[PDB]
Amino acid sequence: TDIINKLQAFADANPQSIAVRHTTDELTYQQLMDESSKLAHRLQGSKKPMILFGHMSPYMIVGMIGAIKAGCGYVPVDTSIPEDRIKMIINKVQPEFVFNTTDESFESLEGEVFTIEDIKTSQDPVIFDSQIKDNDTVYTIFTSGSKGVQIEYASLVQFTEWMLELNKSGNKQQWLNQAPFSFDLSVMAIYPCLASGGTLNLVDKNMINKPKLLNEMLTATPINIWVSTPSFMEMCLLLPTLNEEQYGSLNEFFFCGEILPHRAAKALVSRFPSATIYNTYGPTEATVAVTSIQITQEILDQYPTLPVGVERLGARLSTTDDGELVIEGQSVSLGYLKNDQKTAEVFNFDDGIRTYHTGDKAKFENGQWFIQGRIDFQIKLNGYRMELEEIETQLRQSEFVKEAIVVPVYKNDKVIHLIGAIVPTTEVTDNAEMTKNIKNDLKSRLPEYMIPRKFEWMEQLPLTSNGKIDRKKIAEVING
Ligand SMILES: Nc1ncnc2c1ncn2[C@@H]1O[C@H](COP(=O)(O)OP(=O)(O)OP(=O)(O)O)[C@@H](O)[C@H]1O
Ligand SMILES: [Mg+2]
């Protein structure tokens with residue numbers, strides 16, 4: 001089981017099945033393989049990764065498959081990344097080639113920028129031997145910035161095989177992707193979908209910002225398998241039609257990247273009693289995710305906050321005696337690109353074993369891992385210590401809060417109090433009373449000093465470009 005081989009076998013079985021769909025733009029398995037070989041011909045000899053630029057054109061997938069076959073790999077760059085960071089990336093990468101999959105012109109200080117047109121009308125042969133090997137760097141994905149992470153081809157093959165076993169909805173399914181391709185969550189949709197003959201359906205930024213457009217896309221395609229961040233799922237729960245009775249095609253979900261709120265999982269389990277729902281956790285540095293747990297009624301009833309589950313093959317998890325989880329194994333990245341200090345500082349791979357220090361406080365209780373917080377988001381107030389996420393979880397377990405993020409406030413380089421930005425369960429008609437009620441509701445769940453002074457009621461929490469809660473942008477609304 002090899003990525004190119006399963007895709008090619010499926011393309012040979014069903015050349016006219018759709019491999020990729022972005023609104024009306026469709027790409028069949030035959031064209032995905034045809035155009036990917038043509039790109040590989042233009043790409044061969046290249047021992048530098050191909051920059052992959054665009055948003056949601058199906059030719060981004062062409063780019064990925066082409067970069068795999070030529071063996072040089074790719075660096076996915078989404079149009080939502082600021083231009084100066086794009087310049088920084090192309091500069092670090094030293095590409096020979098840049099695939100501009102958008103309609104507008106792109107130009108790059110390094111390498112040859114070509115368009116889809118160069119491939120649509122290329123005359124190069126449509127058969128090309130894949131020359132990737134296990135230890136090649138298949139992709140380099142850059143960190144959010146909350147450095148380019150390098151991933152071995154074998155890590156990807158392994159990760160996809162894991163997703164294929166976790167998948168209970170079979171082959172030839174309609175898959176949904178939300179993550180931009182510069183966010184490795186999309187990998188969790190791209191390759192398990194193509195490796196099982198599915199159709200990768202692309203949600204773009206516009207759909208994320210204008211939910212009526214998302215609703216339209218959902219009505220045009222009956223989605224079966226859904227891969228997204230928890231925050232995106234939370235937003236889509238406000239589509240009332242999105243339930244098992246009215247949208248019965250949808251029966252499997254994979255979430256990664258953020259804490260999955262117990263309330264959100266509860267609602268989804270309620271509205272799709274038959275769906276296979278997985279919570280997964282992992283950093284970019286260990287190939288997308290390393291744990292999974294199926295969320296059921298029992299998992300909900302029995303776990304006040306959800307675990308992230310058990311480790312996968314290629315990922316041996318251990319916990320340092322301060323609680324920092326460490327991942328060892330094939331899932332571990334080779335390291336950040338031409339950034340030796342940043343690599344030494346969290347990566348230890350000596351004697352051929354590979355280890356990554358995660359920065360998340362994790363705890364293992366009765367067969368299951370829990371992610372409690374990012375080490376940085378730990379506060380001492382009144383000489384006491386909780387993880388910011390824990391405070392936020394306590395706020396979410398309150399009938400007046402539908403969603404909540406907590407902002408520490410500082411001076412003289414030390415936290416002074418907390419402000420809670422709240423999406424309330426009800427529009428907050430009155431200002432004094434809700435502050436009163438949230439604080440009183442907290443008497444049970446929090447020691448006084450960890451209850452925020454202020455609340456800032458927000459209609460909606462802003463999301464990052466990757467679909468996570470935008471902490472920085474939430475800070476700015478509070479800070480003046
Ligand atoms: N299911 C989950 N539950 C709780 N936390 C999660 C889950 N999945 C991922 N995380 C968090 O997301 C982190 C991985 O995020 P990602 O690799 O996409 O970028 P980042 O670490 O958020 O930002 P940066 O690019 O600055 O590192 C993990 O370190 C963990 O903190
Ligand atoms: Mg990280």
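In what follows, residues are counted from 1 in the order of the sequence shown. What's counted below: heavy atoms across the whole structure, side chains too, no hydrogens, waters or symmetry copies.
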Check the pair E26 / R21 against salt bridge (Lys or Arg N to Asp or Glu O under 4.0 Å), numbers first and verdict last. CA-CA 4 Å; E26 294 184 333; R21 177 183 300 108; 3.0 Å; yes
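- A donor-acceptor pair under 3.5 Å is absent between the side-chain atoms of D78 and the main chain of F181, judged by distance alone.
- Within the 4.5 Å cutoff, no side-chain heavy atoms of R263 are placed close to those of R396.
- Side chains of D2 and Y153: a donor on one and an acceptor on the other come within 3.5 Å.
- Ring geometry for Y336 against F347 counts as perpendicular: the plane angle is over 60°, on a 0 to 90° scale with 30° as the lower cut.
- More than 12 heavy atoms of other residues, nucleotides or ligands shown are found within 6.0 angstrom of NZ on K92.
- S155 places no side-chain N or O within 3.5 Å of a backbone atom of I151 that could act as its donor or acceptor partner.
- A heavy-atom distance below 4.5 Å is found between the side chains of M450 and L381.
- Annotation: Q246, atom CD; neighbour count of heavy atoms from other residues, nucleotides and ligands within 6.0 Å is above 12.
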Checking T296 against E298 for the side chain to side chain donor-acceptor pair (under 3.5 Å) test, could you report, in this order, the C-alpha distance in whole Å, the side-chain angles of both residues, the deciding distance, and whether it holds? CA-CA 5 Å; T296 57; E298 301 77 47; 2.8 Å; yes
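- Distance check: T221 OG1 to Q174 CD gives 5.5 Å after rounding to the nearest 0.5 Å.
- Side chain of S228 to main chain of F232: no donor-acceptor pair is present (N/O by atom type, distance under 3.5 Å, no hydrogens or angles).
- The CG atom of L185 sits 7.0 Å away from the CG atom of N177 when rounded to the nearest 0.5 Å.
- The backbone N or O of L313 sits less than 3.5 Å from a side-chain atom of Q158, completing a donor-acceptor pair.
- Between the CD1 atom in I295 and the CG atom in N279 there is a gap of 5.0 Å [rounded to 0.5 Å].
- Counting non-hydrogen atoms of other residues, nucleotides and ligands closer than 6.0 Å to CZ of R85 gives a total of 12 or fewer.
- Between the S130 side chain and the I4 main chain, no donor and acceptor come within less than 3.5 Å of each other.
- Residues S196 and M163 have side chains not in contact (no heavy-atom distance under 4.5 Å, counting atoms from C-beta outward).
- There is no side-chain donor-acceptor pair under 3.5 Å between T355 and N348.
- Under a 3.5 Å cut-off, the side chain of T287 and the backbone N or O of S331 do form a donor-acceptor pair.
- Ring geometry for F99 against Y59 counts as perpendicular: the plane angle is over 60°, on a 0 to 90° scale with 30° as the lower cut.
- In the displayed structure, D351 atom CG is contacted under 6.0 Å by at most 12 heavy atoms of other residues, nucleotides or ligands.
- Under the 3.5 Å distance criterion, the side-chain polar atoms of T229 are left unmatched by any main-chain donor or acceptor of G257.
- At least one side-chain heavy atom of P261 sits less than 4.5 Å from a side-chain heavy atom of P230.
- Heavy atoms of other residues, nucleotides or ligands lying less than 6.0 angstrom from CZ of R471 number more than 12.
- Expressed to the nearest 0.5 Å, how far CG of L213 lies from CE of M207 amounts to 7.0 Å.
- By the 4.5 Å heavy-atom criterion applied to side chains, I327 and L325 are counted as neighbours.
- Under the 6.0 Å cut-off for aromatic ring centres, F253 and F272 qualify, their centroids lying closer than that.
- The closest side-chain heavy-atom distance from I293 to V310 is not below 4.5 Å.
- At least one donor-acceptor pair closer than 3.5 Å links the side chain of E324 to the backbone N or O of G359.
- At least one side-chain heavy atom of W175 sits less than 4.5 Å from a side-chain heavy atom of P192.
- In terms of modelled atom types and a separation under 3.5 Å, the side chain of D136 and the main chain of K133 share a donor-acceptor contact.
- Screening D184, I89, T284 for a side chain to side chain contact (heavy atoms under 4.5 Å, CB included) involving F142 leaves a single residue, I89.
- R354 and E285 are not joined by a salt bridge, as no carboxylate oxygen comes within less than 4.0 angstrom of a charged side-chain nitrogen.
- Between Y281 and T358, some side-chain heavy-atom pair lies under the 4.5 Å cut-off.
- Atom-to-atom distance recorded for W226:CH2 and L176:CG is 5.5 Å, nearest 0.5 angstrom.
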If you apply the rule side-chain contact (heavy atoms from CB on, under 4.5 Å), what do you find for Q294 with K168, and how did you get there? CA-CA 11 Å; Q294 175 170 0; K168 289 197 230 178; 3.3 Å; yes
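- In this structure, CG in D441 is found 3.5 Å from OG in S398, a value given to the nearest 0.5 Å.
- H55 contributes a side-chain N or O that, together with a main-chain N or O of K205, makes up a donor-acceptor pair within less than 3.5 Å.
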